[PDB]
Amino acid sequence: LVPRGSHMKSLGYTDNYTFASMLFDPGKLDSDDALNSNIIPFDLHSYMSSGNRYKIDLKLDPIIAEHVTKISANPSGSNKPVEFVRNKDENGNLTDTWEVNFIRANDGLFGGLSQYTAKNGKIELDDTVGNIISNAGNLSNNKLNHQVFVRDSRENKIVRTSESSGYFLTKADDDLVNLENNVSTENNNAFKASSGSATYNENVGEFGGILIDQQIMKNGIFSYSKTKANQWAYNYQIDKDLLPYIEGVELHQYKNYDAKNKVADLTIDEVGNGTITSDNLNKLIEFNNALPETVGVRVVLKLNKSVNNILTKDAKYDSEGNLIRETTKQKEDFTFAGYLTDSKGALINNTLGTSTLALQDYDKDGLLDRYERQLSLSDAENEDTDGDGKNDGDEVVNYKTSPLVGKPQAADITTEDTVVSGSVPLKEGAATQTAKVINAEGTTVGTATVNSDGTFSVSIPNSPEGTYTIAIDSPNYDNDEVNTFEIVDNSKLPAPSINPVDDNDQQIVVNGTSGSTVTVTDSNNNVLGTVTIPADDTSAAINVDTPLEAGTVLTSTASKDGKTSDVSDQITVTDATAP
């Protein structure tokens, strides 16, 4: 079982334009009959143009997933079921996603753009649906969500164009249930099924946007043409909780966003509902008249502020303006619906599509999972990716520093030294950094490019004694990561420093004044190595036979001209594959 209080990692996206959107078409959960069954039936529809690389993934609401004993469906053109297998994550924890091969010839669901339907789908449960969903909250506000997509099993990513979502209809969805129960006679066999997808697009407007794309698959070659008086209407429902974040709502003709595709401004009422019609609906919706191609409809929600502000609603901040992580939401689902009606308000058969936007802040740092993956490149499952003690959102928003660049470190030097040597933690997405040595009055006295491993060697003049700043400058952030170090009287012997060492490193890099000899010992004072720092540098290398075990603690002292320095700050060897 999936235990209480567990959360699922979201998946990144990959592109593969050969996969059309999949459409999960379940039975409704809105009757005593349906509620007294232990089966939720479904069909699965898709369009396809070899191998087991690409999988079909079905992800079910936890209320449902907790009770699932078996999921199966007949491949297209067959009457023999194939069974879905419950996925496990990057370790051995169960997810709420069930998986089956895509291609029927590879024991999958589709095949022998063509249209295929896998029929007789059955979600089998260990109790009745009614007993299961009677242990839920307000199903008007928290829906029973579903999502379907093709997963690239080589990359563990979602094929962007395959994704579809929605929610099961219950008695709580009374307006949509009444629509399903009052189907129009007009073009009653035109459409086979409909589903939606809701995504975030940073390129919409100035704050990004939400795209709500509905697909309506055809049974044949439907052609829309009505008199002015018999024109249909398009109807849409926008989750009321998004309304504080929406600047405008637009209809686009319809995967990339392009403002040139705008065909109307849309209005919504106080609960997020709207309707649009026309003297010729062909001007607003591309019905692909007399072609078999799926009808697409796009609704665009232009945000009025960063998408990262939604789950942080009601968030509190400390004295220094940093997010109190306990005050933000870790996830939030928003639901949407769209459908066509005839001129009397009756539902055009099979044109009702729902969708779910599943926003997540897995690590409660204020940056949505998908924002971290697509924009900042910070880790979506670590609230402090670089380890510097400033959390990712705070860094992007408050400090305006890179969340991929930790705190620089530089050993003290003397007035006779000509190089400031040190290092800084750089995380996998970090840009190319520039290190600067700046005196107390704000004058830059040296600059260099930080190497990819974080080390740097900044050339400086023989410089006046005092407190200096080592600043690490990213091109993507306004502010540098800073630390201070000392340039001391040249009769002094400052403590050296040790660069970070992991259990894959055969060498220990040390920094210290030129001509001093630096000796490194572990917690048991075993001399692991000694090196004299050369005449025109302030860093040197120690070589060891075998790398050090993760957890061993390192210190160092330097000696020169009869002086012995204080001990360096300790350095702990880390695991070479821990981020």
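Position 1 is the first residue in the sequence shown; the rest follow in order.
Our gap detector needs a label for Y254 to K255. Which class matches the unmodelled residues of the deposited sequence there: none, 1 to 3, 4 to 9, or 10 or more?
Missing residues, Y254 to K255: 4 to 9.
For the step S49 to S50, what size class fits the number of deposited residues with no coordinates, none, 1 to 3, 4 to 9, or 10 or more?
Missing in between: 1 to 3 residues.
Pick between 4 to 12 and 570 to 578: the one whose mean CA B-factor in the entry is higher.
Between 4 to 12 and 570 to 578, it is 570 to 578.
Residue range whose averaged C-alpha B-factor is higher in the record, 119 to 127 or 99 to 107:
If you average the C-alpha B-factors of 99 to 107 and of 119 to 127, the larger mean comes out for 99 to 107.
Options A136, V183, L291, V307 - largest CA temperature factor per the record
Of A136, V183, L291, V307, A136 has the highest C-alpha B-factor.
When the CA B-factors of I40, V531, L44, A65 are compared as recorded in the entry, which is the largest?
By C-alpha B-factor in the record, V531 ranks first.
Third of the chain, ranked by Cα B-factor, where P500 sits:
CA B-factor rank for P500: highest third.
Taking the values exactly as deposited, rank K427 by C-alpha B-factor within its chain and report the matching third: lowest, middle or highest.
For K427, whose C-alpha B-factor we compare with every modelled residue in the chain, the answer is the highest third.
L352, C-alpha B-factor rank within chain (lowest, middle or highest third)
Lowest third, going by the recorded CA B-factors of the chain.
Of the three thirds of its chain by CA temperature factor, lowest, middle or highest, which one includes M22?
Answer is middle: the recorded C-alpha B-factor places it there.
Rank-wise, by C-alpha B-factor, drop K59 into the lowest, middle or highest third of its chain.
Bottom third by C-alpha B-factor.
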